[PDB]
Amino acid sequence: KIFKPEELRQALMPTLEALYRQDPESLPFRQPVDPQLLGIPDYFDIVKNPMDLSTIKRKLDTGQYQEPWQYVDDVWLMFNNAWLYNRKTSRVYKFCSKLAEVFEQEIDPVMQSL
Ligand SMILES: CCOC(=O)c1cn(C)c(=O)cc1Cl
Ligand SMILES: CCOC(=O)c1cn(C)c(=O)cc1Cl
């Protein structure tokens with residue numbers, strides 16, 4: 001079996017809600033990184049394809065995903081960007097690692113139900 005495109009929001013939104021529920025860990029991920037505002041002006045020199053929770057949520061609300069892998073792909077893009085840009089000792093890097101642990105715990109039982 002599969003999750004059809006029209007089933008994606010109902011099946012996958014709880015995994016995204018679980019990320020948002022992590023506070024403070026999700027806070028650096030809720031909106032697109034604004035390099036000038038955040039005092040990290042080299043961000044787009046390092047990160048080629050930004051991704052954040054608000055973008056994923058909009059795509060999941062508005063039918064922009066056709067298959068589960070596309071949602072999962074954007075989530076890992078968001079995490080990988082943060083592990084790439086931020087130092088291993090940094091708050092954002094460590095928050096990213098916590099969110100990834102939460103994501104794995106939430107997405108695995110959903111995808112393994114198929
Ligand atoms: C996936 C449900 O969305 C949230 O849980 C959520 C969404 N936004 C846009 C927020 O700013 C905060 C939360 Cl908690
Ligand atoms: C809202 C504050 O966000 C950040 O400070 C931040 C977020 N991300 C995802 C980064 O990769 C780097 C920073 Cl500095």
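Atoms within each ligand, like the ligands themselves, are counted from 1 in listed order. Sequential numbering from 1 along the given sequence is applied to the chain's residues.
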- Message: Quiz question: by atom type and distance under 3.5 Å, do the side chains of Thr62 and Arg58 form a donor-acceptor pair?
- Response: no
- Do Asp74 and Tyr65 get their side chains close enough for a donor-acceptor pair, meaning under 3.5 Å? yes
Protein contact to [atom] [nearest heavy atom, distance to 0.1 Å]:
{"atom": "atom 8 (N) of ligand 2", "answer": "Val33 CG2, 3.6 Å"}
{"atom": "atom 11 (O) of ligand 2", "answer": "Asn86 ND2, 2.9 Å"}
{"atom": "atom 14 (Cl) of ligand 2", "answer": "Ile40 CD1, 3.7 Å"}
{"atom": "atom 7 (C) of ligand 2", "answer": "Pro28 O, 3.2 Å"}
{"atom": "atom 4 (C) of ligand 2", "answer": "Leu38 CD1, 3.5 Å"}
{"atom": "atom 10 (C) of ligand 1", "answer": "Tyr20 CE2, 3.7 Å"}

- Task: List the atom of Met111, the atom of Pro68, and the distance in Å for their closest heavy-atom pair.
- Result: CE-CB, 3.7 Å
Numbered atoms and elements of ligand 1 in range of [X], under 4.0 angstrom, heavy atoms:
{"X": "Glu17", "answer": "1 (C), 2 (C)"}
{"X": "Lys57", "answer": "1 (C), 2 (C), 3 (O)"}
{"X": "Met13", "answer": "1 (C)"}

- At what distance, to the nearest 0.5 angstrom, does CD of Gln31 lie from OG1 of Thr55? 8.0 Å
- Message: Within this structure, what is the CD-OG distance for the pair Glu25 and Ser97, rounded to the nearest 0.5 Å?
- Response: 11.0 Å
- Geometric class of the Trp83/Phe79 ring pair [parallel <30°, tilted 30-60°, perpendicular >60°]: tilted
- Query: Using a heavy-atom cut-off of under 4.0 Å, does the side chain or the backbone of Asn81 touch ligand 2, or both, or neither?
  - Reply: neither
- Indicate yes or no for a side-chain donor-acceptor contact from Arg9 to the backbone of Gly63 under 3.5 Å, with no hydrogens or angles considered. no
